[PDB]
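Please read the structure below before turning to the comments.
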There are 2 protein chains.
Amino acid sequence: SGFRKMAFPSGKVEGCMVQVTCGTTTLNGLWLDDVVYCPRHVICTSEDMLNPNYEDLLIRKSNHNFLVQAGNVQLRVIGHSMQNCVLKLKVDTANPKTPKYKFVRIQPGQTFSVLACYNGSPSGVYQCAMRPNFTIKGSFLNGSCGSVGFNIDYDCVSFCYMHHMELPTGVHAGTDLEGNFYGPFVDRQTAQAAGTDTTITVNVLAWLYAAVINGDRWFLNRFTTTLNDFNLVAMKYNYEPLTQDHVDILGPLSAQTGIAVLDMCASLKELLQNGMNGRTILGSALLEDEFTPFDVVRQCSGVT
Amino acid sequence: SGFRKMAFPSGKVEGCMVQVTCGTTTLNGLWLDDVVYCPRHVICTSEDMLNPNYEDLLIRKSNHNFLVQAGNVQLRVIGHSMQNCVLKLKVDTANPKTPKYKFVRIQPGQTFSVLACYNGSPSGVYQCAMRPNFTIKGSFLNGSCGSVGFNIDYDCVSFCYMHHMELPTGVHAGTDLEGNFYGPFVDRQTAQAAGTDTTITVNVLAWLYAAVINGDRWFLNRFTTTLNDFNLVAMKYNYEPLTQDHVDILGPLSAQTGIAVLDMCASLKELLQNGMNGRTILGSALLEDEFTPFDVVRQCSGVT
Ligand SMILES: COc1ccc(Br)cc1[C@@H](N)C(=O)Nc1cnccc1C
Ligand SMILES: COc1ccc(Br)cc1[C@@H](N)C(=O)Nc1cnccc1C
């Protein structure tokens, strides 16, 4: 009973968080095995951020300039390199708390948990989605850079995001753990505006299935539709076009509830056209799009 | 930038979760020092739950009947006792992962994080509030009993909740860590309906302050009100009456934003009377009440 925006337990990730300082800049790092990963802008001054030449700024830095502290103990830096927009600091000690891990580059629409940190210390955990415009709507303040996003498959942590910056619009941009930005963003204090933030249709449908499972059924109607007809409506409302791949991914939820995917689409179509009329669905007055079909099945089945 | 429903990092609590089995019933336990705490209904069969005599059911149980497993290792039970609606299983090994902890009985309106578990394994973490009717709107399935709610003050974990049951209404009831239920609920499969779920006014105001801090200011108006006038409106909308204590707790947010508490009340009064007119506040289309004034300051200041 009940449906919440649930994050993965963060313990495995808390054991990897460190503080990295270079000059007067302090941010978070991720310590996995004998490498600490962090945003390369740790080498910048606030003056440098307008147009930094990272290769040139990095020439003036040695191993002893990167101060890495895991809790209250100092790690010895024996190597450093830049990979895309991240620095990799080789330390002389493997993190004894290193979980089983992978680095993944997620697709827009996929969700993940963020462990927001400041000065190497965890402050909170929340659930996110990579928006279709490759931004994330996070909760980050100055000093949160280097905080990571991840998913957990039983004992394996798949790191998918590292926080780098906030756009002047209040949304967030960052990289995968290879240092490649999601979207067109660059690690520079320049005019960067995000594209259209479209709604993740397959996630809204998954959340409608979660609502039916939990007893919120008022929006179910007597109608059906086709993918092409639904997509005419999805386009008008800045919703992602629904494909056969999305329908197939919703198959298990359709089977569990007995509500055909296209009938759920017709319910969604009427909700777009008429709104909620002051009603709520799973305690929300808007259509939620940050639960994937996998998230709904996981939460509705009790996977640990 | 940004404002999210953020939970505390769960690592310190994950290290305390164990599985407790008695007969054919398995649920979660909390292992702190050499004691495992769990709901007393672990001694019941599904037949017993209609009207259980816990003292009588417990007479037929010995230490060796409580199977406690921490991950994959078995804990040896050397004593058991019932305190209100919880069992305390004395084990021969202190949990090496026991954090600094306290047991607190929270007030309605206060928020906390829940680490939902099944079979002693964490599945997710989310943020809750103790409703004014003493229920929590959680996300729990069969096997989640014994999952706990907590707050963290730097290194100290204050456990405030242990999950015991779901009401036929889909909301949740449980106890503090002394085994006393929040509200009038009893651990019996009987007709238990929750009282009026009123809105936590002081939390809605705190969240309006969080919105102004983050740039969502459309709802600010040219009006002010008085506590008595505001409370006439709060009563009509099933909002908690606002007291001078609530105004005082909002003092730091009022000071940070320069918006007097009673002016924010007048903004809230117009939002109640007119609705949002299809607009959103911090990505919500309803007035959020599960952030306390302490939560807003913590999130808006970056406390770790
Ligand atoms: C002004 O700081 C930057 C400018 C450009 C870049 Br690349 C990076 C920063 C960085 N020092 C920072 O702290 N970023 C950030 C991210 N999320 C939330 C808040 C803030 C401010
Ligand atoms: C039917 O189970 C009970 C009846 C009464 C009581 Br006291 C306790 C239970 C318990 N066996 C249970 O699993 N509870 C529960 C809690 N949250 C979500 C889901 C469920 C079912």
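Every chain is numbered from 1 and lettered A, B, ... according to where its sequence line falls, protein lines coming before strand lines. All ligand and atom numbering here is 1-based and tracks the order in the structure. The figures here come from the full heavy-atom set of this structure, side chains too, leaving out hydrogens, waters and symmetry mates.
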Does ligand 1 have any N/O pairs with the protein under 3.5 Å, and how far apart?
from	atom 1	to	atom 2	distance (Å)
ligand 1	13 (O)	A/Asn142	ND2	3.2
ligand 1	17 (N)	A/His163	NE2	2.8

* Asked: Of the options B/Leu30, B/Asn28, B/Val36, which is the one that meets B/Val18 in a side-chain contact (heavy atoms from CB on, under 4.5 Å)?
  -> B/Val36
* Is the closest basic N to carboxylate O distance between A/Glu178 and A/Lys88 below 4.0 Å? -> no
* To do: May I ask you to decide whether B/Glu55 forms a salt bridge with B/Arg40, counting only side-chain N to carboxylate O separations under 4.0 Å?
  => no
Throw together a table of side-chain donor-acceptor distances under 3.5 angstrom for residues 112-120 of chain B, partners on residues two or more places apart or in other chains.
from	atom 1	to	atom 2	distance (Å)
B/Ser113	OG	B/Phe8	N	2.8
B/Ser113	OG	B/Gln127	OE1	2.6
B/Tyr118	OH	B/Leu141	N	2.9

* Quick check, are the ring centers of A/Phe150 and A/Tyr161 under 6.0 angstrom apart? -> no
* Structure fact -> The ring-ring contact (aromatic ring centres under 6.0 Å, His included) partner of B/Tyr37 among B/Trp31, B/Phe103, B/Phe66 is B/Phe103
